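Quick notes on the structure that follows.
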Amino acid sequence: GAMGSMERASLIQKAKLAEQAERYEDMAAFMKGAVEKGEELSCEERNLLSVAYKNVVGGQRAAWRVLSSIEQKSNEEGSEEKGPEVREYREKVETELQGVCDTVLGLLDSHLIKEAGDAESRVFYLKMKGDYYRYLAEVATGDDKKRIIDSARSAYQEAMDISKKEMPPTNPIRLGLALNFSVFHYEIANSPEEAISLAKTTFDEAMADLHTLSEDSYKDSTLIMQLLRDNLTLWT
Amino acid sequence: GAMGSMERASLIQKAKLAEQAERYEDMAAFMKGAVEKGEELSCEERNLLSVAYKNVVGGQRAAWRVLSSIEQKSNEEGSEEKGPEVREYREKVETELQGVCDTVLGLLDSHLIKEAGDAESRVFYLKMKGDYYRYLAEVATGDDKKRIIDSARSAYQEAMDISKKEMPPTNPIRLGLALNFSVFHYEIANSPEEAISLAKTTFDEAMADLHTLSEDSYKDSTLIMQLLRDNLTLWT
Amino acid sequence: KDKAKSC
Amino acid sequence: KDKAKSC
Ligand SMILES: [Cl-]
Ligand SMILES: [Cl-]
Ligand SMILES: [Mg+2]
Ligand SMILES: [Mg+2]
C-alpha cells in the first residue's frame with residue numbers, strides 16, 4: 001500500500017492533522033496505513049480510525065440518499081423518461097460506498113478483532129463491524145440482503161453480550177453500541193418495538209449509574225444518553 | 001480520459017445530479033469530460049464548470065490554510081521540533097491544489113478561451129483564468145511567484161477591458177470579476193488602495209445602473225454588490 | 001420517519 | 001486581515 005513506506009507514528013500524526021483540516025479521506029488512508037503496520041491500536045488511535053471512516057461513509061450515505069430519492073421519483077407514474085443516467089450515478093456512488101465498507105470490514109477481519117482481548121477494544125471493533133454491515137444493508141436489495149442483515153445483527157449481539165458483562169451501563173462505548181443496535185432494529189430489521197425497548201432500557205440503566213461518575217465522565221455519558229432520548233422522541 | 005465513452009448530455013445531466021448530492025469532485029470530473037468533447041459551453045454549462053471546481057479548490061484552500069498555520073506556529077521560537085510531517089502533509093495538499101489549478105487552466109487553454117467570441121463567454125473564462133492563477137499565487141513562494149502573479153493580473157486585466165466595453169455595469173459577471181480583481185489587489189498584489197478604489201468605483205457605477213433592471217436582474221446585481229460592500233467594510 | 005441519530 | 005469575499 002501507498003503508506004507502507006511511512007512510519008506508524010507519522011501516519012498517526014498526519015491523521016490528526018487531516019482531522020484538523022477536515023480532510024477525512026486522507027485521515028482514513030493514514031489510519032488504514034497505521035492499522036496495516038500490524039500493531040494493536042490504543043484507545044485514541046481506535047477513535048481516530050472510527051472518526052475518519054465515519055465521516056467518509058457519512059458523506060457517501062447522504063449522497064446515496066439524495067440520488068436514491070431522485071431515482072424513486074423518476075419511477076413514479078407520470079414521470080418523464082430521462083434515460084439511465086440517474087441509476088448509473090446512484091450505482092456509482094453505491095459501489096464506492098460498498099468499497100469503503102468492505103475496506104473497514106477487511107481491517108477488522110485482518111486482524112484487529114482477533115487480537116483485541118480487552119473488553120473496550122473488542123466491543124469497539126465489533127460495534128464497528130455491526131455498523132458497516134448496517135451501512136451495506138442500507139443499500140442492499142438482492143439475494144444477500146438477509147445475510148448482510150444477519151451479519152450486522154450477529155456482530156452487534158456479540159458486542160452487546162460482552163459490554164453487558166464487562167462494562168458499566170454508563171460506558172460511552174456500551175451506550176453508543178446500544179444506540180446503534182437500536183437504530184439497526186428500527187431502520188434495518190423492521191423491529192421498531194425492539195428498537196424502542198432497547199433505547200429505553202439502555203437510558204434507564206445508565207441514568208441509575210450516573211451517581212458513580214466524575215463530572216467529566218458524567219458529561220460524556222449524558223451526551224450519549226441524550227441521543228437515545230432524541231431517538232425515543234423521534235420514534236414515539 | 002475516463003469520461004470519453006459517455007455522451008456529452010449525460011455528463012451534463014450527471015454534473016447536475018452531483019451538485020444536488022454535493023459531490024463536487026464528481027461534478028468537476030463530469031464537466032471536464034463535457035469540455036473535452038470539444039464543443040463550446042452554454043451559459044448554464046459554464047456555470048456548472050465554475051461551481052464544480054470552485055468547490056473542489058475551495059476545500060483544498062481551506063485545508064492548506066489550516067496546515068500552513070500549524071506549520072508557521074511550529075517554526076516560532078520555543079516550539080518543539082516535531083519532525084517533517086507537518087511540512088510533508090502541507091506539501092501534499094498544496095500539490096493536489098496546484099494540480100486542480102493546472103487542470104482548470106489547461107481546459108481554458110485547450111481550448112475554451114480561443115473559441116469564446118461573445119463577451120459573456122470570453123469574460124467568464126478570463127475571470128476563471130485570473131482566479132486560478134490567483135489560487136496558485138496564494139501558495140507560491142519560489143522564483144516563479146512574480147510570473148504567476150503577473151499571469152493572474154494579465155488575465156484579470158483583459159477581462160476587465162472587455163467587460164467595461166461590452167457589458168453594462170450591473171452585469172453579474174462584470175461585478176464578480178471586479179470583486180475578484182479587487183481581492184487580487186488586496187490579498188496577492190499588496191495593493192490595498194487599488195483594491196479599495198476598484199471596489200468602490202464598481203459599486204457606485206452599478207448603483208447608478210440599477211434603475212434599468214427588472215426585479216429579477218436587480219436581485220442578482222444587488223447580491224454581488226453586497227459582497228463589494230462587505231469587502232470595503234472589512235478593509236476600511 | 002427521518003434518520004435516527006447514531007454514534 | 002481575514003479572507004475577503006469572492007465570486
Ligand atoms: Cl456514473
Ligand atoms: Cl503526506
Ligand atoms: Mg470492566
Ligand atoms: Mg453588451
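FYI, nothing fancy with the C-alpha cells labels: chains A, B, ... in order, residues from 1 per chain, ligands from 1 as they appear.
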Inset, instruction - Considering only C-alpha atoms, extract the chain B residues located within 8 Å of chain D and return them as a PyMOL selection string. - result: chain B and resi 176-177+179-180+183+227-228+230-231+234-235
Output N, CA and C atoms for every residue in the selection just made, as a compact mmCIF listing (two decimals), in the first residue's frame.
```
# COMPACT_ATOMS: atom_id res chain seq x y z
N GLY B 176 -18.70 40.26 -10.53
CA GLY B 176 -17.90 39.25 -9.88
C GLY B 176 -16.44 39.30 -10.29
N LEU B 177 -16.18 39.64 -11.55
CA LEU B 177 -14.80 39.84 -12.00
C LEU B 177 -14.14 40.97 -11.23
N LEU B 179 -15.05 42.30 -8.33
CA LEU B 179 -14.89 41.83 -6.95
C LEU B 179 -13.59 41.05 -6.79
N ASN B 180 -13.35 40.08 -7.68
CA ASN B 180 -12.20 39.20 -7.52
C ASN B 180 -10.89 39.89 -7.88
N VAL B 183 -9.98 41.72 -4.87
CA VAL B 183 -9.39 40.81 -3.88
C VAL B 183 -7.95 40.47 -4.26
N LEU B 227 -21.42 41.97 -1.74
CA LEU B 227 -20.10 41.40 -1.49
C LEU B 227 -19.01 42.46 -1.61
N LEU B 228 -19.15 43.37 -2.58
CA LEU B 228 -18.25 44.52 -2.66
C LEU B 228 -18.33 45.36 -1.40
N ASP B 230 -19.30 44.33 1.62
CA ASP B 230 -18.71 43.55 2.70
C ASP B 230 -17.19 43.72 2.72
N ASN B 231 -16.55 43.63 1.55
CA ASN B 231 -15.10 43.75 1.49
C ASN B 231 -14.64 45.16 1.85
N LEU B 234 -14.78 45.36 5.49
CA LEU B 234 -13.68 44.60 6.07
C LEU B 234 -12.37 45.36 5.98
N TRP B 235 -12.16 46.09 4.89
CA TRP B 235 -10.86 46.68 4.59
C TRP B 235 -10.71 48.12 5.08
```
Which residues of chain A come within 7 Å of ligand 1, and for each one, what is the closest pair of atoms and their distance in Å to one decimal, counting only C-alpha atoms and all ligand atoms, sorted by chain and residue number, as a tab-separated table?
```
residue	atom	partner	partner_atom_place_in_ligand_line	distance
A:85	CA	ligand 1	1 (Cl)	6.9
A:88	CA	ligand 1	1 (Cl)	4.9
A:89	CA	ligand 1	1 (Cl)	3.8
A:92	CA	ligand 1	1 (Cl)	5.3
```
Inset, instruction - Enter the distance from CA of residue 171 in chain A to CA of residue 215 in chain A, in Å, rounded to one decimal. - result: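 CA of residue 215 in chain A lies at a distance of 13.9 Å from CA of residue 171 in chain A.
Using only C-alpha atoms and all ligand atoms, we find that the residues with an atom at most 12 Å from any atom of ligand 4 are residues 118, 119, 120, 121, 123, 162, 163, 164, 165, 166, 167, 168, 169, 170, 171, 173 and 174 of chain B.
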Restricting it to N, CA, C and O atoms, dump the selection as a compact mmCIF listing (two decimals), in the first residue's frame.
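Written out: selection.txt:
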```
# COMPACT_ATOMS: atom_id res chain seq x y z
N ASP B 118 -18.15 35.65 -27.85
CA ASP B 118 -19.07 36.57 -27.19
C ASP B 118 -18.47 37.10 -25.90
O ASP B 118 -17.68 36.42 -25.22
N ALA B 119 -18.83 38.34 -25.56
CA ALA B 119 -18.28 38.97 -24.37
C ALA B 119 -18.58 38.16 -23.12
O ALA B 119 -17.71 38.00 -22.26
N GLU B 120 -19.81 37.64 -23.00
CA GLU B 120 -20.18 36.92 -21.79
C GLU B 120 -19.32 35.68 -21.59
O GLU B 120 -18.91 35.38 -20.47
N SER B 121 -19.02 34.96 -22.67
CA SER B 121 -18.18 33.77 -22.54
C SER B 121 -16.71 34.14 -22.34
O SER B 121 -16.03 33.59 -21.47
N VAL B 123 -15.26 36.90 -21.17
CA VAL B 123 -15.01 37.48 -19.85
C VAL B 123 -15.10 36.40 -18.78
O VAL B 123 -14.28 36.37 -17.85
N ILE B 162 -12.55 44.06 -21.62
CA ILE B 162 -13.69 43.60 -22.42
C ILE B 162 -15.00 43.93 -21.72
O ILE B 162 -15.94 44.46 -22.34
N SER B 163 -15.09 43.63 -20.42
CA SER B 163 -16.35 43.79 -19.70
C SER B 163 -16.76 45.25 -19.64
O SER B 163 -17.95 45.57 -19.72
N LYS B 164 -15.80 46.16 -19.51
CA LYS B 164 -16.14 47.58 -19.46
C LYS B 164 -16.62 48.08 -20.82
O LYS B 164 -17.49 48.95 -20.88
N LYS B 165 -16.08 47.54 -21.91
CA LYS B 165 -16.52 47.95 -23.23
C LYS B 165 -17.82 47.26 -23.66
O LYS B 165 -18.63 47.87 -24.37
N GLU B 166 -18.05 46.01 -23.23
CA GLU B 166 -19.08 45.18 -23.82
C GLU B 166 -20.24 44.84 -22.89
O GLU B 166 -21.22 44.26 -23.36
N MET B 167 -20.17 45.17 -21.61
CA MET B 167 -21.20 44.78 -20.66
C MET B 167 -21.64 45.98 -19.84
O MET B 167 -20.85 46.88 -19.58
N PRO B 168 -22.89 45.99 -19.38
CA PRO B 168 -23.35 47.07 -18.50
C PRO B 168 -22.75 46.93 -17.12
O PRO B 168 -22.34 45.83 -16.72
N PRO B 169 -22.69 48.02 -16.35
CA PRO B 169 -22.00 47.96 -15.05
C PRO B 169 -22.65 47.04 -14.04
O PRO B 169 -22.00 46.71 -13.04
N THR B 170 -23.90 46.62 -14.26
CA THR B 170 -24.59 45.74 -13.33
C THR B 170 -24.50 44.27 -13.72
O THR B 170 -25.06 43.42 -13.02
N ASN B 171 -23.84 43.95 -14.82
CA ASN B 171 -23.74 42.56 -15.26
C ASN B 171 -23.13 41.71 -14.16
O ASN B 171 -22.03 42.02 -13.68
N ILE B 173 -21.46 38.97 -14.15
CA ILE B 173 -20.11 38.52 -14.44
C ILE B 173 -19.13 39.68 -14.29
O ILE B 173 -18.06 39.53 -13.69
N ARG B 174 -19.46 40.83 -14.87
CA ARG B 174 -18.62 42.01 -14.70
C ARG B 174 -18.42 42.33 -13.22
O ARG B 174 -17.30 42.65 -12.79
```
Inset, instruction - From a DSSP pass on the backbone, collect the residues of range 8-222 of chain B flagged as alpha helix (DSSP H) and hand them back as an MDAnalysis selection string. - result: chainID B and resid 8:20 24:35 43:74 85:107 113:115 119:139 145:166 172:187 192:207 215:222
Legend entry - Exercise: residue 13 in chain A partners within 12 Å, only C-alpha atoms, chain neighbours under 5 positions left out, as a list in words: residues 6, 7, 8, 18, 19, 20, 27, 30, 31, 34, 44, 45 and 48 of chain A; 82, 83, 84, 85, 86, 87, 88 and 89 of chain B
